[PDB]
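All ligand and atom numbering here is 1-based and tracks the order in the structure. Excluded from the calculations below are hydrogen atoms, water molecules and symmetry mates; all remaining heavy atoms, backbone and side chain alike, are included. Letters go in sequence order (proteins before strands), and every chain restarts at 1.
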Amino acid sequence: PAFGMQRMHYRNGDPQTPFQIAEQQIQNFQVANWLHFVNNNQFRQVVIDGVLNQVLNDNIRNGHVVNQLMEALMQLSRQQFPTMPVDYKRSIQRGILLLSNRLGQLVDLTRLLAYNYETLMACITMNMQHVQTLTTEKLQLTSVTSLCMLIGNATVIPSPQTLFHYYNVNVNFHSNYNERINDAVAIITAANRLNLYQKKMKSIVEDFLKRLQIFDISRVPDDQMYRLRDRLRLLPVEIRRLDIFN
Amino acid sequence: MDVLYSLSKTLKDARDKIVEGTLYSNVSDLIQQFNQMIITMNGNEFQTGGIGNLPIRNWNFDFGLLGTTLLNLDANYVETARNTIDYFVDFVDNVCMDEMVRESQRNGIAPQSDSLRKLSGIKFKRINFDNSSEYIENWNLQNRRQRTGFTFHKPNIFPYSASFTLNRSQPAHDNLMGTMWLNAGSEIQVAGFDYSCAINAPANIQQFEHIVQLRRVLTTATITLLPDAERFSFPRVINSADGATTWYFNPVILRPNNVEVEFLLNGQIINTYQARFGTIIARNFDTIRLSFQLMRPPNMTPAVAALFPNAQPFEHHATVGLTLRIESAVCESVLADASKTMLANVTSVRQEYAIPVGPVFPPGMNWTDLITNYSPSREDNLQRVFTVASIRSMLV
Amino acid sequence: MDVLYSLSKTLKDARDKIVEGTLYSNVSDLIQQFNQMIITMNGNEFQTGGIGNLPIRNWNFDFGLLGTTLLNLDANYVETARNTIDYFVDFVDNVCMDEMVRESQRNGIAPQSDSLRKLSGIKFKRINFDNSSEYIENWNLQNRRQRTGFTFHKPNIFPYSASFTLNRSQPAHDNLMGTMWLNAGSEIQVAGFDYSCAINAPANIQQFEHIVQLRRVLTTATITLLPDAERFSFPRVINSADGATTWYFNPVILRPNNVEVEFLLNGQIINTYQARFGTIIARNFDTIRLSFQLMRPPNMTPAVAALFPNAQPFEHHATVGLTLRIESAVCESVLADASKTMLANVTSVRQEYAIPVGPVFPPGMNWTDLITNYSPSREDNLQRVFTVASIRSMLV
Amino acid sequence: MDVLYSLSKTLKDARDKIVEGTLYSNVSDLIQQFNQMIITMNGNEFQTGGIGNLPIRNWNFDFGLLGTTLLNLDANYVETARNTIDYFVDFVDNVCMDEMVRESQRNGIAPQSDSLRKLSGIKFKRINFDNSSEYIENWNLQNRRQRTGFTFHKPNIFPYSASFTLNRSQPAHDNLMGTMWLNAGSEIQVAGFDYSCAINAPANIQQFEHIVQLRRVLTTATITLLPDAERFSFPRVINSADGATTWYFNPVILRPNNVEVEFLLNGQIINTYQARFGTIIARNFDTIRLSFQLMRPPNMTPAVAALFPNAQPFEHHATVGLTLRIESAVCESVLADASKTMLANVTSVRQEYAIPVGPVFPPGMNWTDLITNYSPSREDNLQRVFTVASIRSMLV
Amino acid sequence: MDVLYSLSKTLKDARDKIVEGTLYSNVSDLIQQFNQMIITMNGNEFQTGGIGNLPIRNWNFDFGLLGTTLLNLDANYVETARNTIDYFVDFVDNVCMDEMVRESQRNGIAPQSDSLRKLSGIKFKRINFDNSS
Ligand SMILES: [Cl-]
Ligand SMILES: [Zn+2]
Ligand SMILES: [Zn+2]
Ligand SMILES: [Zn+2]
Ligand SMILES: [Zn+2]
């Protein structure tokens, strides 16, 4: 509407997002460049200390890209909105400028968000695998509005004790996960090598999941339980347990 | 054709007007026209070339509109517009080259290249806007069955012909009466020569006539008529009509007598000029009749009397002449002329890409052969390619 | 240049459109452009310089905007606009004159006058609008290093040269073989003369070749080629190459044999026309090679056989000719031609104010000297002054 | 061109800087540029090579990005980068080869291959960054029509020419006066020989001249001028000017007298050196005029007196010589030279893939023919292919 | 000399790097150096001398800073930068020419022209950066 363009008749399942189509269909450099950044601001993957990490574009980390956003929306505040009734146009442009005129606060907020993310990610020990999950965390855009309009200039970083606690909990969870995997694999392999053909590996898998402490086993689907059994069978036994078994 | 011209005109206006610093009010209508062009061309695939050495080129149109609001154009606006304009100008140039290299005996006025045939679809009619050039204006007027007119400075209406007719002759070619002429372009030099100087002609007058039939009617024609023909007034060893031998011509120029230029239409006299020289106006004619007489001077000085004996041998041959130059005319059909480059553009495009000779035009687009046999199919194809060449000239 | 051109274009639009009774909607965009020009120029002091006899003139701009209140323009509105326009036209004409009379060897394309240098500042870019003239279009394309095109009717590409070459000669000048040519403007007239009529030639053929190098590449050229050379077909008394004596020429014109016209680019053959006369097209070339032959007629009637003996003396010298007129062409460089008035305007302005000779142009703006030594610096300065002359002729 | 250069420069910087163990702050900007390149190229299909034997190759991009938050690059990071770098280097090399083997008469400066035409799109402009090489800098300045020059060590400005001129001659070729010269690369060796040793010349001084017209202006040129021509200082048997007979040259070298070098531009004297040998500076010139003189030594020792008798036969021929070597210069146009590989690279690519001869360059990329007929269109195409060759040599 | 060299090096880097479409991260340090140059030069008058036929030229610096806040450089940015860069390049070229045509018997290593002597002041030392040639 700002550029007088015909509204996008978007189609679900299109390999292109609406912003990817807009980037090609918009000629203004401010808006097109901000759109290009949005279209490509996906996580980059990098392994640090043997842990896969999802890391941000450097322009997010230093907050420079907010300027580009500012540029784009300043352009949107100058646009005619050809057929738009003028009171609604004024309201839209003034809200655009409400976000626009917080450029310094938004750059500070982006830098703060990125720094907190990086510092806390340093404490992660298991690979940050990116998957589209069954359920989501619902984020209200009104809360985004609150954060954007209310953030000041008071820097808040994780406390060293908070970082140590987060890292310790991550390490404890990772270590327990590995130890329960080893226990389950050792028992399954012992039962098989002892020719315990009436043994149900399902109970072993359930005990393993229960010892992981974060699963309500009654709500684990059967196909995933059997897949877990199959994957546990393929793993080799840890040396100490295998020696005891021998 | 109207759509291709509209594309080219939009691109030319965009080039000339979308410039850094200019007021947006200078371009608002142009910006809307340009955006309409973009909308209409979007999502369409075109193919050009594939004939002779003209390369195959594919064109896909996915461009955004210009929606930015400004008081004055800046560099960003100009660069975006320039990218779009460059792609469109290349496409239009290729479509024009593709249409210029093609011909058909049937429906030679109709589009021949696939891209122009596609552009003739109804969906592209939205691109169409101001059709103000002489060639596109004539195209539209003709499509409306309205009388069109192409103005020509020095129309190339006469096919090249340097000929002669001998009315009295003999194997020695020493007592010859006849005419020699050059009809070239917009110029006609003619000269009637009598070797005996009309010594024995009735009343001592030898009458010469020269009829030149124009392949198309000319109107509003400004003609310069001069008494003498400088091309046939110097000694000349000319070939025999069959080429067996050569004869000698030793002109001595007398002023032509009873000069009558008749401009005729369907054999009826439209304009007549008697003993008039300089600028004359032939309003509407398809034929020119030049009648001029060699009149033996009744009273001679001894030097003159010695040049014209009573009997053979005849050394000084009495020649009267005429020069007729069409400076400007109007023709309903397209023609080559001295000021325009449409023929040259078409010929250049056909020669550069090695276009094989087709079933409509002569090889190399030779103008003499083309205008000698200026058939209706040839005329249709020529108007098509000339309109396309004028559209191409706007951008290339 | 673009700013000065835009000023002149705005003034021309105002003169043509701000007329009594006209709808304000006819002029609204023009009024906005004009008021933008007024706003941009207000408060700026200009001096048009005192080179030669051009008076030093000072220019101050403190004008009010043109009104927007009338539905139809009345006489009062036209008079106020006329006053402002008259001052602005005086200024633009003076700036154009001050630019035309200046030249530079180092950067001759850049502005030389102080006012045009000031107008190149960014603050004046707001004035810039539609650049639709051929010369401003070429200026902008050249600034972007794009393919420029200047279309010329009868381009003055050949420097004036009336010369002859004698391949065979003797102190008495009675058995002469060679060529004489006039290269003038867009015309070439060449003539090969053999006094013995190729009696002792290897096959009774005397070959003549004429090479004309064009100072610039010509394209899309329409060329009339005619057999005879009327300029070298009458008796002449000609100075010897050293001016010591005078020789006699008594031409008799034979039909040129094996006429081959080559148009060459970089020494490579681009266009070839053999035994073709009338209109031909040379698509892209910088050299013309005209090869023709005086072929002794194998058969002669007694008069012809008498003109050409077997040995000296020779009274009738066998001459073959060729005439080559460039009717229209396209060149990437500016040139004088038979239609445009750029050269005449620049020369008239330089002579009217007695501009001292400078380090670029010949000391009369004489075209033969200029085109003979058409250096890149000369081309740059000439393009600048011709563009300024076109801008001036929009108003004056 | 800027985009292709930026791609190649990014790949070179990735090869040099993305190395094991390096601080991320060393590579952050480069990693950002590299990722922008990946993003811009992802999802784009390219086709290179459909000319000569250059095989058709298709390029698709679906590459992942590189991390942005580690402190030091490790081997894992470099391995992640290297495969993408290899694919991109292959693509850039093929795009460069595709462009190098193509030419056009109309717009030789504009891109010719499909891939470089697609890379001219606005979307790819994001890849563009530091244009610091001499060729790309000259490309960008030349697009803006700014003054910019290429610096050449031993520029190959002279087309190969080993010729002689005889001012005094006769069929026996035993008393000859004239000059013989080699023009090759940046070297002029000229030698004036008098067989009679100017015995009967006025003042016993024989003047020799040699003019070499450079096809392009050289500026700020360093010249070595030595007073002998070792190339024309030993006995030779030389064909005649028509090849009908061979004559004999038996030089004896005398020091050249009144040695004058005039470096001229547009026929104006710019630099003048008299009796100066060693290093001289020619700031701006297109022509070199060497004037030298053989003076009879007024006093001769008995052997020297025997060498040169008062009259024929002349067995020892007095020769004076000059050698002129352009060590370095600046030219606004591109040239071959002793240091660069651009010409060699383009020739190698054209020969390895059997590129058919086009309409711009001489076959086999022969430099003598190319610099003999160095037209503006040839200059455009050569600058394009030489810039592409420099871009290619950044990676290959 | 180092200040004149740093001016020229900054201008050359700006001409090579401030190009349309480029990432701002490619030019951030260059933009900072360029703005430092503009700030140091603003308000200063220079006269390049009339030795020989070299024309007397006067130079005044009142320029705006190059902008930040773009992710990619656009055409407006390049145009503004080009105007400033062209003026600066003309000034530096004239200073170099004015220095190249002068000489003194003693202290011939020291600057000779007025502009280069002015540029040897402490206030211009801020311009100085990478001396790599
Ligand atoms: Cl060397
Ligand atoms: Zn006959
Ligand atoms: Zn003579
Ligand atoms: Zn070397
Ligand atoms: Zn010889």
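Between D:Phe285 and D:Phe263, the distance separating the two ring centers is shorter than 6.0 angstrom. Ring-centre distance between B:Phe158 and B:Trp181: not below the 6.0 Å cut-off.
Between B:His317 and B:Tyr248, the ring planes lie perpendicular to each other; the angle is over 60°, past the 30° to 60° tilted range.
Across all their heavy atoms, C:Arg296 and C:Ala198 have their closest contact at CD-O, 3.9 Å.
The set of protein atoms (N, O or S) found at less than 2.8 Å from the Zn ion (ligand 2) reads B:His173 NE2, by chain and number. Protein contacts to the Zn ion (ligand 4) involving N, O or S atoms at a distance below 2.8 Å are D:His153 NE2.
Contact check on D:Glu332 versus D:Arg216 returns no salt bridge, with no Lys/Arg side-chain nitrogen under 4.0 Å from an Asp/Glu carboxylate oxygen.
Around CZ of D:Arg378, the count of heavy atoms belonging to other residues, nucleotides or ligands within 6.0 Å exceeds 12.
Inspection of the B:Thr323 and B:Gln189 side chains reveals an N or O donor paired with an N or O acceptor under 3.5 Å.
In this structure, the side chains of D:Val334 and D:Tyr374 come closer than 4.5 Å at one or more pairs of heavy atoms.
Expressed to the nearest 0.5 Å, how far CD of B:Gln206 lies from OH of B:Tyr195 amounts to 13.5 Å.
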